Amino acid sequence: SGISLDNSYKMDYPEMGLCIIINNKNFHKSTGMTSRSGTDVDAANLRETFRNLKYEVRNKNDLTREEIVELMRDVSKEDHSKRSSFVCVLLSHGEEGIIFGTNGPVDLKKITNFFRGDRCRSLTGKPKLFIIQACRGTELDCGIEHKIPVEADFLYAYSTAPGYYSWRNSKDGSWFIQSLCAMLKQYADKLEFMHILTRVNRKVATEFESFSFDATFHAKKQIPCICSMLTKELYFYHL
């Protein structure tokens, strides 16, 4: 045949892949963690959005830290041979490198390690996308004006910059998930994924500002953080 190029992941396998959505809203009283009002809006938005991208969506609600690890372990042991990609969305409380089960925290690294290039062989070479709506600290943005690495082919789409709170509106959902779904809906048949996520960055950065009766939390801004270890361009459509 004619000249070939391999700058984009192969996304015409029989299945797009799984989209696991972990939606933690209600936490055990002993943790002292508050309920995450509006996260059900995010979960439903994500389910519809990834449904229209032809992902096999599995929604999971209010998982303990043990249930999160077992779910991720089990999913990583499925045969993904016929699947183009893997997506996991985590909606919870968190801090830097950490997301919360309903009864305690889980290291992000323990979750993602199940899918490492050497530990989930049917996803070796395929994009593994982790979309994380969770705090990464307590800073507030005041605003102005032969082999491949086992860590390759991961993308971490963080809702917020390292060390910062992440903002969620109790009736509209989180700023980041709202924007992500809107940009996937509008551009998934048009733009490469990094360029979609860059539109998400701009939407969050420009259209959202907090309103609080508490001066400490009022008039704050947010910028998401795209952390890519991908080795190819990612288009959700194929020819």
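In case it trips you up, residue 1 is the first one in the sequence shown, and so on.
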message: I need to verify one thing: averaged over C-alpha atoms only, is the B-factor higher for 182-190 or for 66-74?
response: 66-74
223-231 or 6-14, whichever carries the higher mean Cα B-factor: 6-14
- line: The residue of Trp175, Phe211, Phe27, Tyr55 with the maximal C-alpha B-factor according to the PDB record is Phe27
message: By the CA temperature factor listed in this entry, which of these ranks top: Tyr165, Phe114, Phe86, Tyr158?
response: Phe114
message: Split into thirds by Cα B-factor across the chain's modelled residues, where does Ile144 land: lowest, middle or highest?
response: highest
- request: Could you say whether, by C-alpha temperature factor, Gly104 belongs to the lowest, middle or highest third of its chain?
  value: highest
message: Per the entry's values, where does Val150 land by CA temperature factor relative to the rest of its chain, in the lowest, middle or highest third?
response: middle
- request: Comparing against every modelled residue in the chain, figure out the third that the C-alpha B-factor of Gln133 lands in (lowest, middle or highest).
  value: lowest
query: In terms of the chain's CA B-factor thirds, is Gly125 lowest, middle or highest?
result: middle
